[PDB]
2 protein chains.
Amino acid sequence: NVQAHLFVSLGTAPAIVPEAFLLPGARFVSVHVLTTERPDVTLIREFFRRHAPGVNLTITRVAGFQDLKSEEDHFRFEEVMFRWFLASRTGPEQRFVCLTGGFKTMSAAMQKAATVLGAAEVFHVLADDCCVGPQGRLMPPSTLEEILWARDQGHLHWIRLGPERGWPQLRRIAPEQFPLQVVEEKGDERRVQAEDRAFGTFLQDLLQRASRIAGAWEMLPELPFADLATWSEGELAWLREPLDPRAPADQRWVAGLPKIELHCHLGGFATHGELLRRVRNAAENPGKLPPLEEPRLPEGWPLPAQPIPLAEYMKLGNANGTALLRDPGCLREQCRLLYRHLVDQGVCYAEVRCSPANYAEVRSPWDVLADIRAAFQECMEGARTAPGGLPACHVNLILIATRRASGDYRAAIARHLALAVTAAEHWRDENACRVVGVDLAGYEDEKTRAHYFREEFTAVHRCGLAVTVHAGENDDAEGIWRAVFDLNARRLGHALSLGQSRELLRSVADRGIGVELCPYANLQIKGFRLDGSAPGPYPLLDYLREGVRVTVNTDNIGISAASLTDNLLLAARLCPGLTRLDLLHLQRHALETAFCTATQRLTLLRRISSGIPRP
Amino acid sequence: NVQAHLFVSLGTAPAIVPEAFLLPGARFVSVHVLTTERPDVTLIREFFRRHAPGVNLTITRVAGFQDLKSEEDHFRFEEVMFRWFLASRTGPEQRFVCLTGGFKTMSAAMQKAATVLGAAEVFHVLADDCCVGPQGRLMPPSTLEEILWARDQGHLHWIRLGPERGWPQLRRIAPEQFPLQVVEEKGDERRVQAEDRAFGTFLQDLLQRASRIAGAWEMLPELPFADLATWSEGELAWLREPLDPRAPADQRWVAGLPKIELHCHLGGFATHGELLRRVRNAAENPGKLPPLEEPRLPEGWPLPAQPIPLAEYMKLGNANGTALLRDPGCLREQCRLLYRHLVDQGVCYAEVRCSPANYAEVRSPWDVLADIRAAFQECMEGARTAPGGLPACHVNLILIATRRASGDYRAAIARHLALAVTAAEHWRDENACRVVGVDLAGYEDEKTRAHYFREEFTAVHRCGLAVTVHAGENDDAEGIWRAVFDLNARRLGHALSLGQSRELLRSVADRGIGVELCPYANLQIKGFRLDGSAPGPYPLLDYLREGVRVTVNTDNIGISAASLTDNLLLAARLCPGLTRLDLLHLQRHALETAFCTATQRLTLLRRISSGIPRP
Ligand SMILES: Nc1ncnc2c1ncn2[C@@H]1O[C@H](CO)[C@@H](OP(=O)(O)OC[C@@H]2O[C@H](n3cnc4c(N)ncnc43)[C@H]3OP(=O)(O)O[C@H]32)[C@H]1O
Ligand SMILES: Nc1ncnc2c1ncn2[C@@H]1O[C@H](CO)[C@@H](OP(=O)(O)OC[C@@H]2O[C@H](n3cnc4c(N)ncnc43)[C@H]3OP(=O)(O)O[C@H]32)[C@H]1O
Ligand SMILES: [Zn+2]
Ligand SMILES: [Zn+2]
């Protein structure tokens, strides 16, 4: 019922196409013949003129192939063959391929094309000596009547190799992508050319990718991302080696990674240098600006020789914050520079903490929050890069409830929680900046543990808002236990003492509660050995091996004076033996513990999977 | 430095093997020849005796392959070819394939085996007609001096076309898996056979699997299991159609699915029929056996016309339980029969609930729990089928704390919690029966909500043990909220009223808390419309669409008189439009919400993925 085209190759022995056209069962239409320059085709044309008028025979010749000496012209013939198969518009269900005729390599190319593109039947024809000729027991060369006689009395074989399936993306495709060129053209006869070997590279790379995927099909659920299955064996072996922070190639690779940020404070971004000057030279009221004064950093501040405690760590960012963000222009400018920095670092999703009520003097905290939200929305709408018309970096908001050692600090917590609930219920567009949770931070000790604020957070739990708690930075595991089991926290920050209790660590691992680590902040405050030279070993590797969803963050960019890339590199330095697959696992954990919707999570997963740079 | 083996076919034209042997810049060792028993090889051995005495060539002839008549001859030649390639412990980098000689199909199969097995070089040799012969302009015939003369004068071309890579898991295989027979054994010349076409089927399956995987590479993250990527397009389309409970094929497919059980009561298994008699005829002391009396079931009990309340449902299983299980023989037989039923149903992992203290009259509850654990452990050890030497079904234990409307029940709750903690601390082997959590079931109302039992479960939370709660079966969403946020429940049972509160549903979906539903029990107690003909619609589809991890279980197998297959089919009946992929998603959710270790979870994931039957 199908059209049943017949593709055949021709050598220097004519009367092959007449034999192949005669098939016990096939009603062939539109016979196609592929041949070189020298063979003659008069006999075939006479056959199809006298015995089958309606078969509209077409003959194609390769432009510059007449005798093969090297491999260069074989590649030309193969490329022209592939484009010639592609030139017509036929599915595999109506393709019959005959490999008889031509050089020994031409038949191999015939079968390779048939098994790659797909065909209904691959076969070849044989005939034995039956004609007396001038020399006894001679093959029937010509003089069609003896070919028909041999068919009728019946010794022709027609060995049927069988059907072929073909790769699915190559079954149809299009010929406009890979066209041919006609050099000279007479009736039903052509000479053709191809500019390049694009189809060869396309086919080769798709087969190579398929071979790699078949090679890496096991150990797939252990892989953080699916695209890693398309990597070569050498690349995968290199991925399992320990990361070397000194090597510039490793630094470039880490800088080229898509990243997710979950712990970043807005008030500690621009505290020194040119960034502070740029923020200051944007105020609407320059008259009321406080006099410029930069706190002096300790010796070798990025990597101090001695640890320092919290008080001067907070005082080190006195040049920015409440003293400076009280001006609306400064707040806007701060937001723009933070978004620019996040985009430059390669982050694709970030959550930013803020304390709007600290910046309200004549305006309400609602106005401050609206200003921050509008500035971030305008920044996201400005940079419509990335595929699908989505912002380069998506920013969500988290509000901070601060607790202090003494004074008046507990009314502000209530104001922040109420504002967070109202704002979360106000803005609800999925593809926009939103308030997605609250955070309990500040001074921590025995008297300010988590279970003393349950009555304040009951309303937050009633309204359905996510909660993160700072715990374990300067306390034992009891604070972490109370945060987990009394405030129903979903994420923990600076849980450095989680390893003191095995049962608590098992509970955190089993419940999927995320942990956030900041290598620079932890090293600068608690002190830690570097390069394997009494706080103890850094607990990153222990958490990774135990099964905890641990992530690496930046905390205060300005105060600690570094970014995500530097934090990852020092994470490698603090735990010798850390691998690159561990970095990918960290990114996967950050994706899984984010405070986002399911569709956004899937989109981020796809975006990160295809963005990992190769060695 | 490689050995550089050479493989070449030969037809009715000698002096081709010596020409291919003289490949420039290649020192060959142990050249191999494949023939069709028709031609002669005297020339080959004569040449290798005089000009290369250290190459120890071999010659092979194919199993009565006289001439090409039909396709069976070609198939036998191809099978002998593949087994001949395998029966030489050779790597990809030292194979050199020459597709010169024999039929066109012979050279084509040469190239096919080269590109599948991954040769290191494929080439084709040509010669120039430079010999006088008896008629001028002749190819160089048998004699060797003229072959050497033509090599010296530069009349050989050696068209060589690229190396090959080959599929990775097929690069080695092993000779002792598709062996060759030896019909006749003469010096350096052999005739070989092959029992069957096993390698052909192996290769066809491999290529088809690779092609299907390449066809379905996208939409892989959405697939619950990876093996679904190896299904054909028709099967995948059939997977998305709505389930038809009336179709016998669908019934067989559901019965053939690997399953996970998470809500099963031990005391409600054998309550009627032959199973109850079998349990009764196992007592150590039949004198104290209470008289037999089976409660009568309502009309059309499996699908009753009107719902019944909990009291009659519980009284329906009075023939078994506390009255019967105080005798250890009956308890042991009960456990054996339940494990047999679970294996028959196809369950690969199950968690069983029990109340040992209810069966302690002269023995301690510790002895009863030890007997139950020993019975299940012995049952697991006995049936060590399945790959890896693992038990067919793995059973873990959960202990019930029962609350009642009036009477003395809190002491029993404290007893059960303490026993659970001690038992969980006692048995710690990963590949063994273990106690993994506690349950809060029984009578529920306003006065017996979850937050009235916090002080009793604080110890369980300190020791790090999983908790599940019966909530929502006969209460509004307030009970579910209290269970989630005051008792830190990890999984909920019969949460039929979760949809009344949107915030609670969103929180449950975000936190990953599991929900268990029992179709038959829910229909029998609450009443629900069937086939889409006021309790409202059954909430399976809403929970699935909202992202809640929802699973389907059996509750009481005996009282409700149904199994997992019946429950899944009735779930399809309760929500028209339920698809088969939805059943797979339910299985994945059950796997994700279980109380097991990570290694066991990975093993179960692989086992379920590699065991889904095809349509
Ligand atoms: N000392 C040797 N003695 C004998 N054979 C040798 C020797 N050394 C190498 N070989 C090769 O081994 C195959 C012997 O079967 C031959 O390979 P192949 O050249 O590919 O033969 C195929 C035939 O060449 C013929 N055709 C010659 N021109 C052309 C041409 N320009 N377009 C297409 N076909 C050509 C074809 O016409 P067709 O279909 O009747 O048969 C083929 C020989 O070239
Ligand atoms: N009307 C036609 N006119 C011309 N050619 C026709 C016609 N009908 C079919 N063909 C086929 O088309 C190819 C000619 O280009 C031939 O196919 P092929 O049988 O594969 O020929 C290859 C040669 O058969 C020869 N060898 C004859 N015995 C055997 C045998 N028992 N083991 C292996 N090879 C055999 C081989 O010696 P070698 O290495 O010099 O070249 C091959 C012809 O048989
Ligand atoms: Zn912080
Ligand atoms: Zn139950």
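In the text below, chain A, chain B and the rest are named by the order of the sequence lines, each starting its count at 1.
Considering only heavy-atom pairs separated by less than 4.5 Å from chain A, the leading option among B/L126, B/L68, B/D67, B/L99 is B/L68. Residue with the most contacts toward chain A among B/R209, B/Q169, B/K112: B/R209 (heavy-atom pairs, distance under 4.5 Å). For the set B/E503, B/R165, B/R462, the count of heavy-atom pairs under 4.5 angstrom toward chain A peaks at B/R462. Between chain A and the residues B/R506, B/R511, B/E233, B/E78, the most heavy-atom pairs under 4.5 angstrom are made by B/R511. The choice from A/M110, A/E478, A/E72 that makes the most heavy-atom pairs within less than 4.5 Å of chain B is A/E478. Chosen from A/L504, A/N488, A/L465, A/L605, the residue pairing most often with chain B at heavy-atom distances under 4.5 Å is A/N488. Across A/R160, A/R502, A/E71, the residue that shares the most heavy-atom pairs under 4.5 angstrom with chain B is A/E71.
The two atoms that bring B/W167 and A/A214 nearest to each other are CZ3-CB, 3.5 Å, heavy atoms only. When all heavy atoms of B/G464 and A/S507 are compared, the closest pair comes out as CA-OG, 3.8 Å.
A distance of 7.5 Å separates OG1 of A/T105 from CG of B/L161, quoted to the nearest 0.5 Å. Taking CG of B/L207 as the reference point, atom OG1 of A/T115 lies at 7.5 Å (rounded to 0.5 Å). Distance check: B/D510 CG to A/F595 CZ gives 9.0 Å after rounding to the nearest 0.5 Å. Note that NZ of A/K104 is 9.0 Å distant from CE of B/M106, once rounded to the nearest 0.5 Å. A distance of 11.5 Å separates CZ of B/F485 from CG of A/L487, quoted to the nearest 0.5 Å.
Residues A/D128 and B/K69 are not paired through a salt bridge, judged by the lack of any N-O separation under 4.0 Å between the basic side chain and the carboxylate.
The salt bridge (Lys or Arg N to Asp or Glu O under 4.0 Å) check on A/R601 picks up nothing, with sequence neighbours excluded.
With a threshold of 4.5 angstrom between heavy atoms, B/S211 approaches chain A through its backbone and through its side chain. For B/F123, no part sits under 4.5 Å from any heavy atom of chain A, backbone or side chain. Proximity to chain A (any heavy atom under 4.5 Å) is restricted, for B/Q111, to the side chain, taken from C-beta onward.
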Name the atoms and distances for all side-chain donor-acceptor pairs under 3.5 Å in residues 218-230 of chain B, with sequence neighbours left out.
from, atom 1, to, atom 2, distance (Å)
B/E218, OE1, A/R606, NH1, 3.4
B/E222, OE1, A/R606, NH2, 3.1
B/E222, OE2, A/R606, NH2, 2.4
B/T230, OG1, B/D227, O, 2.6

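Taking the side chain as every heavy atom from C-beta outward, B/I159 and A/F103 never approach each other to under 4.5 Å. The shortest side-chain heavy-atom distance between A/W481 and B/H461 falls under the 4.5 Å cut-off.
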